[PDB]
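**Student:** For reference, the structure I am asking about is given below.
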Amino acid sequence: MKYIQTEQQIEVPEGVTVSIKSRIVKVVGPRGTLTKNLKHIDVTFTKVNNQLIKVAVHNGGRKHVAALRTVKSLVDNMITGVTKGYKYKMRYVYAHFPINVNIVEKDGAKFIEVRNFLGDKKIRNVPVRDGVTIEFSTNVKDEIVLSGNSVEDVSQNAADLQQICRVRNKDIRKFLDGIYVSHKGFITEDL
Amino acid sequence: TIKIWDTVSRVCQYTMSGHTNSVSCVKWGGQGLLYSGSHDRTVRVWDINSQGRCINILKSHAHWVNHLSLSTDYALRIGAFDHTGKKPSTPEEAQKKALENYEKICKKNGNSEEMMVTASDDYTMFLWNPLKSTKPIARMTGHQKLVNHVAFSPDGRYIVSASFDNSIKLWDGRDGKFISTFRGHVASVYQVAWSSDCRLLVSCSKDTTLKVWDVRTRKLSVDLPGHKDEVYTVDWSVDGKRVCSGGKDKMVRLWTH
Amino acid sequence: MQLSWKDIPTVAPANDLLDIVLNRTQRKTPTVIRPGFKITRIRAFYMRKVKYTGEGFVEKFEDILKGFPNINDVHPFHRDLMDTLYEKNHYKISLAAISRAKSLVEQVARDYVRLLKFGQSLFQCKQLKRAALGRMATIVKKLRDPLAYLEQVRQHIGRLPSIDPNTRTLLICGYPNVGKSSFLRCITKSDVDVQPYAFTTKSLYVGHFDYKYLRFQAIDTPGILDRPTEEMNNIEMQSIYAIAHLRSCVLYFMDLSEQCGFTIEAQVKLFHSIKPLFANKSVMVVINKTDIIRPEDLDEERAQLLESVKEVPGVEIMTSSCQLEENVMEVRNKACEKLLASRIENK
Amino acid sequence: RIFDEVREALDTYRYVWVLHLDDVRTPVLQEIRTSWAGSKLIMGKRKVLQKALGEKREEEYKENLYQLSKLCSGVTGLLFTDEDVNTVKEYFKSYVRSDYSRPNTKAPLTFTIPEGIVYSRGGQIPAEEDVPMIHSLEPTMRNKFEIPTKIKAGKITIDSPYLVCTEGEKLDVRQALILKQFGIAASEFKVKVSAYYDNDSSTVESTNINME
Amino acid sequence: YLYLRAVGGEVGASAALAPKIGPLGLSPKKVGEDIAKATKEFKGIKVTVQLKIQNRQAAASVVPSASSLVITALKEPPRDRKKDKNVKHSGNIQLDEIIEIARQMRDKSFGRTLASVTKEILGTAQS
RNA sequence: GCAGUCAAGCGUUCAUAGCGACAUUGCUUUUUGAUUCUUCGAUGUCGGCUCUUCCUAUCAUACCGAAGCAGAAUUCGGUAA
RNA sequence: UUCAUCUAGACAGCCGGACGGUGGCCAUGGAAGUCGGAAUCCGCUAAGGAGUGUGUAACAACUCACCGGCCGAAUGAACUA
C-alpha cells in the first residue's frame, strides 16, 4: 500500500559501531577488520541515539516494503561475525578407508590437497578465501575448524567445498562418507 | 448395490455389489437367498443371509428387470400371520409357524423349491426354478406391452401379471403356460396384489379403477370405482379384511367386505 | 548359477509411458502449408500417417515376453518363487496379461494399416490420430494395472537369490532369534544394511564355503517351512515347503540349550510328513551349545533323530558348538561328505 | 468457542481455592482431582478465572477480591471446592512425584553416558538388561542433540562418552529431551499451592511460598 | 516390567522369538509356564501379548476385565464367529448380568461416574 | 457412441420446472431395428549418385538430475546442430 | 466487493502439554492408532477426532490441533480483471 516509512529499532552495542556514508557500512572490531560494498538495494542509515536506528523507507507495493529487515540480518552478521564469529564445526563421519588429507600452502591460498579420496587419484585444489583459519583433529577424531569473520566468505565457500565430489552414478547412500554439517555453532562458547 | 442391514445395530452386514446398473427390486426368500432384478438386465441369485456372495448371474432378459416375485412372496411377507390372525406365544413358535407356512407354498412334488418370475420391459417374463436349475423353466411371451409387475399367488399355484396392454394375464405358475387374458381394463395395469385367501387378485390401473378378479373362475369379481385419478398401488391385507389403494388422486381408499 | 531372470530391462507402466500422449499431441498438431503451389497444398499428410503408424507399431509388445520363461518349463520350483509374489494369478497374468497386450499390438497394427487409407486432407488425419490416441488409452489403463504389478515384482527379483538344481547343492537352514549372531554368521558375511526383508524377524543369511574344489551353497526360508501346508492358506510358509521340495541334502537344525524352556514335543510328529519325500536326500542334525543340557528333557527328546527309535534311517549326528569356535571346520565338513559318497559316487 | 463456562457454577460454592502449579502434566495431575468428588482444578487461563468473581471494583460481586485477581498473572489456577482449610492443606504436603520436568533449569543428580552401543533404558541399569536402539532415530541426533555418533556396520554407535548433563547445569532445547529417550526422571514435582479465599469471611491469607 | 513371546503354543522346537533378557534371575523356563495358568478361565484374546513381572518375582498381574470377560459373558463357550455377533440370538440382554463386573473394575480410580461401562452395550457389545 | 459429478449463463425477477458449453475420471465396440448411390480384392508406379549450407519434437558423445542408484548393463526428461 | 476470528490475551515463529477403562472384533505371515474390510460409542477437562508421516519383525521416541502461556498490532483461505 506504498508505505512511507518502516523504521526498525536496531540494537547496536558500543565498541562495534559502524560508519555511515552513502551505501557503505564499516565493520569495526578487534578480531579482523573487513569491509562490504552495497550497490543493489540502496539503503540509508540515520543516527539519533547511537544504539537505536530510526530511518524512513519508502516504496511499499512491490518487493521493497520492508527492505530493512533484509539488511538488519546482514548487519548482525557483521557484528556477531567480528565478536561472536561463525565457527562451522563440521564433522567428517566416514568409514571406507583412512583418507590422507594434507592441506598445503600456495600463494597464501592454502589449496586443500586431497590424496586418495575413496579410490580417487584426483587432486582437487579447492580455493580457500582469506579470513578463515582451517585446522585438523586434536582431541576429537575427524574435525575441521571453519572459524571465520564473515558469512559470504566462509559459508559461500563451504557450499562449493561440499558439492565438489558430485558423482554422476553414485550419490549419497552408496557410501556413508558424505560431508555434512553437524551444527552451525559460533566461535564463542558463551555466546 | 443392495445393502444388508442388521436392524438392531444399524450395521451393514454385507454390501452386495456386482450389479452394473440400478437395483430396482429385491426379494428375500425362505432359503436365505436374495433375489434381485436390475437395470443391467440381469436377474441374480445371491447367498445373502449367508456369505453375501453371488451364486448365479442370469443374463436371460433382453431389457431391465423391474419386478420379480417369489412363489413364497406373500407368505414370507406376513411370516406366521395368516387370516386367523393368531400370533404365537413365543419367538420360537413364531418362527416355526412361519417356516411351516413357507413350506406349504414352496413345495412342488413335496420338495421345497422356490420359483421366481421376473418381468422385463421387453415384455418377456422368464419363469425360473433357481434352486433346481439355471435354465429357465419357460419363457412367457404374449404381452403386447410392458410387464410392470408380476405376482405369484400365496400358494404359488398360479401367476397373475399386470401388463400395460390393458390386460392382466393368467399363467400357470408351475409350467409357465398361458391360461387367459383378463380384459376389462381400458388402460395400462400398473400393479397386482394377491389376496391372503389366494382366490383373488386386486389390480390398480390407469383407468382409475381397482379391479378384484376371481382368478380361479377367471371372471371379474368386483369393479371398484371411486378414484378421480390413476391408481398406482394396490395391496391386499394379510388378514384378508381390507384392500388398500393410493395413487395420483393422493387419497387413500380402503375397501372392505 | 542362474535361471532366466534379472536380465529384462525396465518397463514403463502407464504413468511412465505418457509417450503415446506426447505423440498424439504433435500429431493433432501438424498444420503445415506445403510448398510449391498454393492450390496444390493438399498433398502431404499421408506420409504423416504412415509415420504415426510405424511409431506405435515398434512400440512394445515384445519386450514384456522377454525375461520370462514358460508356464511349463522343467521344475515347478522355478515358478514357485513367483507364486509368493504375483501368484499363478498374475502369473498367467504374467504370460497371461502378456499375450494380453500382446495381441493388443495385433489390433494395433490392424486398425493401423486400416485407416492407412487416403493421402488427402491433413485435417481428417487429425481426427484419425485422435481416434488412435483414444484406442491406445483404452488399454494401458487396465494395462498398467497388472502392469503396475509388473514393474513391482520386476525390480523385486534383485534381492531374491536363485540357485541351480542341475548341480551339487547343500541345503542349510537355521532358526533365528536364538543366537545366530556368533554362530551362523561365522560361515558367511551376510549382514542387513539397506536391503530389507519381511516375513520373518531377520533377513536372508545364506552360508557358503569352498572346500577342495566342490560347490555347496543354498538359501533358507524360515517360517513357512516350520509348519504344515494346511496351516498356511498360502503366504510363503508354503514358500518354505516348496523350498524344501527342491534340495539334495536337507540339514535340520535343533537347539538343546534351553534359552527359555522351548523344548520340542509337538513338532516331533512332523518330520514324517517329509520323510518319504527324501528318496535320495541325506539328512543331518546339528545341535548348538551342547554342555548345559540338564537331565530333565534329555530322556525323551533323544527318541527323535538322535537315537534309533522312530523315523530314523540310521545316520550320524553331531553334538558340539560353533559359537565357542570348537572344531567349526569339522562340523561344516562332516555334513556334505555323505553326499559325495551317495549321488556323486553313483553318478 | 465455549465463551461462558465459569458462570455455570456461581452460587454453589463458598470456599474458592487457588492453586499454584509448577510443572503441569496430566497422568500425574488427575490423581487428585479425580479422587475427590468436589474439587475441580482450573489450569490454563488467568483472566477467565475471575469471571463470576470480578477483576475490578465495578465488575465484581464480592468485597476484597479484586486485589486478588491482580496477583493471578502467573502459572496458577483456581479450584472448585468448598471443604475445610485444614483437611485440604495437609493433603497437599503428602503427594510427591518425580518426572522429567522442564528444561532450562539447574536440575540435580548426575547421569553418566555409556560408551559404545547406545540404548534406551537408563544409566543405573546394566548393559546386560538394556535394549539396543532400533534403526530409525538417526538424523534426529546429528543436528538436534548434536551428539557425535559413529555408525558401525548398520548399527549406529558413538565415539567418546562426553557428559552433557549433570547436577546444577542448564542447557537449551535438548536438556529434558535426552532423558526422555532413555527414561530417567530429572526434577521432582512437589505440590506447592498458593493461598485461598473465603466468601463468608471475605478475607485472604497467603500460605506456603505465597507468604510475603 | 518386560514382556516377551514366541510361537502360538509354548512348544515348537527352536524357532521361537526370544532374543535375550531372561526373566526371574537366570534360565526362566518355568516363568513362561506361569502365565499359561494365569488365564483364569479359558484362553481366547491373544492379540497384543503381555507379560508383567515384579522385582525378582514372577507373579500374575494381568487383568483384561473388559477384554476376556465379555465374550464368555455371552453364554458362548467359543469366541467370535464372523462379524457383529452380539450375544447368541438376541439383542437386549439383562444389564444386571454385567453390572457386577463393572463394580470390581475400579481399582484404577481414574474415572468418577459409575454409569459408563454398563451404558456401552450398543456401541461396544453390538459392534 | 452413450451415460455422471463440479454449475459459470438463460428461464420478464430467482443456480437445480424445463435446460446447461469448454476439462477430468469409467464401461462398451451397436455411428440411434443402419431414409435410395457407406463402411472395399486397389501399391499414387517420381527416384538415385557426387558436392555445399541451415533448423528442432535430440538416436549417440560431453556437462546435471529419476527409481529397491550395490557394481556392471539397459530405459526416460530438460538445456545444445 | 462479499466474510470467520479480532483486550476474559486474534493470527505466526518456540517452549510445555497431548490423559483411562481397553491388550476394543475376523486373518499370528508381521502389526500394541500408522497396506484393507465391518466404521466415527462413555467417563474425567483449560485441552485430548480410532489419524495426513518417518518404518526395527511389534510400544514408549520423532513429526502435529479446536482450546493456553509468552510476544501486543490489524486480519486465515477461496474469486472477479
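Protein chains in written order, with the UniProt record's numbering: chain A, 1 to 191; chain B, 259 to 515; chain C, 1 to 347; chain D, 25 to 236; chain E, 12 to 138.
Just so it is clear, CB atoms sit at the ideal spot from N, CA and C, and this is done for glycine as well.
Cα-Cα, which of D:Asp123, D:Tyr90, D:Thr136, D:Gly62 is closest to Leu103 of chain D?
**Tutor:** D:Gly62
**Student:** Does chain E have any CB closer than 8 Å to the CB of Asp255 of chain C?
**Tutor:** Under the Cβ criterion of 8 Å, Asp255 of chain C is counted among the residues facing chain E.
**Student:** Could you give the residue range of the alpha helix (DSSP H) that holds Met82 of chain C?
**Tutor:** 77 to 83
**Student:** Measure from the alpha carbon of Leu95 of chain D to the alpha carbon of each residue in D:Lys71, D:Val112, D:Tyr124, D:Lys75, then state which is nearest.
**Tutor:** It is D:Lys71 whose Cα lies nearest to the Cα of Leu95 of chain D.
**Student:** How should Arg332 of chain C be labelled, buried or exposed, when 16 other C-beta atoms within 10 angstroms of its C-beta is the threshold for buried?
**Tutor:** buried
**Student:** Listing by chain order, which chain D residues have their CB less than 9 Å from the CB of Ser120 of chain E?
**Tutor:** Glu55, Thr58, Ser59
**Student:** In angstroms, rounded to a whole number, what distance separates the CA positions of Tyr205 of chain C and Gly178 of chain D?
**Tutor:** Near 15 Å, if we compare the C-alpha coordinates of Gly178 of chain D and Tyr205 of chain C.
**Student:** Name the chain D residues whose beta carbon is nearer than 8 Å to that of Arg123 of chain E?
**Tutor:** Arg123 of chain E reaches chain D at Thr58, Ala61, counting residues in chain order whose Cβ is nearer than 8 Å.
**Student:** Taking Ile64 of chain E as the query, report the chain D residues whose CB atoms sit under 8 Å from its CB, ordered along the chain.
**Tutor:** The contacting residues do not exist; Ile64 of chain E stays about 13 Å from chain D at best.
**Student:** Does the beta carbon of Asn177 of chain C sit closer than 8 Å to a beta carbon anywhere in chain E?
**Tutor:** yes
**Student:** So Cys189 of chain D packs on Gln199 of chain D, CB below 8 Å; how close in whole Å?
**Tutor:** 7 Å
**Student:** Does the ligand NAP have a heavy atom nearer than 7 Å to the CB of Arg166 of chain D?
**Tutor:** Absence of the ligand NAP is noted for the structure shown, with no ligands found whatsoever.
**Student:** What did DSSP end up calling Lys86 of chain D once you bin it into helix, strand or coil?
**Tutor:** coil
**Student:** Listing by chain order, which chain E residues have their CB less than 9 Å from the CB of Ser267 of chain B?
**Tutor:** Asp95, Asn97, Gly102, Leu133, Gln137, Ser138
**Student:** Rounded to whole angstroms, what is the Cα-Cα separation between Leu459 of chain B and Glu372 of chain B?
**Tutor:** 21 Å
**Student:** Alpha carbon to alpha carbon, how far is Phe68 of chain C from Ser101 of chain E? Give it in angstroms, no decimals.
**Tutor:** Rounded to whole angstroms, the separation of the alpha carbons of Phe68 of chain C and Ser101 of chain E is 57 Å.
**Student:** Ends of the alpha helix (DSSP H) at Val108 of chain C?
**Tutor:** For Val108 of chain C, the enclosing alpha helix (DSSP H) begins and ends at 95 to 115.
**Student:** Quick one: is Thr221 of chain C near chain E, going by C-beta distance under 8 Å?
**Tutor:** no
**Student:** Provide the residue(s) that pair with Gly148 of chain A in DSSP beta bridges, ordered along the chain.
**Tutor:** Beta-bridge pairing links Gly148 of chain A to A:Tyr86, A:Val132.
**Student:** What is the C-beta distance between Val82 of chain A and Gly15 of chain A, in whole angstroms, given that I count them as a contact (C-beta under 8 Å)?
**Tutor:** With a Cβ gap of about 10 Å, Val82 of chain A and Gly15 of chain A do not count as contacting.
**Student:** In whole angstroms, what separates the C-alpha of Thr181 of chain D from that of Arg294 of chain C?
**Tutor:** 38 Å
**Student:** Ignoring anything shorter than 3 residues or poking outside the stretch 142 to 186 of chain D, list the beta strand (DSSP E) runs there in chain order.
**Tutor:** 173 to 176, 179 to 182
**Student:** With a threshold of 8 Å, are at least 3 pairs of Cβ atoms found where one atom belongs to the stretch 143 to 156 of chain C and the other to the stretch 250 to 265 of chain C?
**Tutor:** no
**Student:** By the criterion of Cβ-Cβ separation under 7 Å, what are the contact partners of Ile32 of chain E in chain D?
**Tutor:** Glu153
**Student:** What runs of the beta strand (DSSP E), each 3 residues or longer, lie entirely inside the stretch 246 to 303 of chain C?
**Tutor:** 250 to 255, 284 to 288
**Student:** Could you please give the first and the last residue of the uninterrupted beta strand (DSSP E) stretch that includes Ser463 of chain B?
**Tutor:** 458 to 463
**Student:** Please classify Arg332 of chain C: does DSSP put it in a helix, a strand, or coil?
**Tutor:** helix
**Student:** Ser122 of chain D lies in the beta strand (DSSP E); which residues open and close that run?
**Tutor:** 120 to 122
**Student:** Tell me the rounded alpha-carbon separation between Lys202 of chain C and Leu3 of chain C.
**Tutor:** CA-to-CA, the gap between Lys202 of chain C and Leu3 of chain C works out to about 26 Å.
**Student:** Return the chain-ordered ranges of every beta strand (DSSP E) run that is complete within the stretch 50 to 111 of chain A and spans a minimum of 3 residues.
**Tutor:** 100 to 103
**Student:** Excluding five sequence neighbours on each side, which residues of the same chain lie with their C-beta closer than 6 Å to the C-beta of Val128 of chain E?
**Tutor:** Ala113
**Student:** For a quick check, are the C-beta atoms of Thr290 of chain C and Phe216 of chain C less than 8 Å apart?
**Tutor:** Taking a C-beta distance under 8 Å as the contact criterion, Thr290 of chain C and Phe216 of chain C do not qualify as a contact pair.
**Student:** Quick one, which residues of the stretch 157 to 191 of chain A are near chain D if we go by CB-CB under 7 Å, in chain order?
**Tutor:** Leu176, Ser182, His183
**Student:** When the Cα atoms are used, what is the spatial distance from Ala420 of chain B to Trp263 of chain B?
**Tutor:** 31 Å
**Student:** Can you check whether the CB of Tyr119 of chain D is closer than 8 Å to the CB of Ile202 of chain D?
**Tutor:** The answer is no: Cβ separation not under 8 Å.
**Student:** Tell me which residues share the same chain as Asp220 of chain C and place their Cβ nearer than 6 Å to its Cβ, disregarding the 5 neighbours each side in the sequence.
**Tutor:** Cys173
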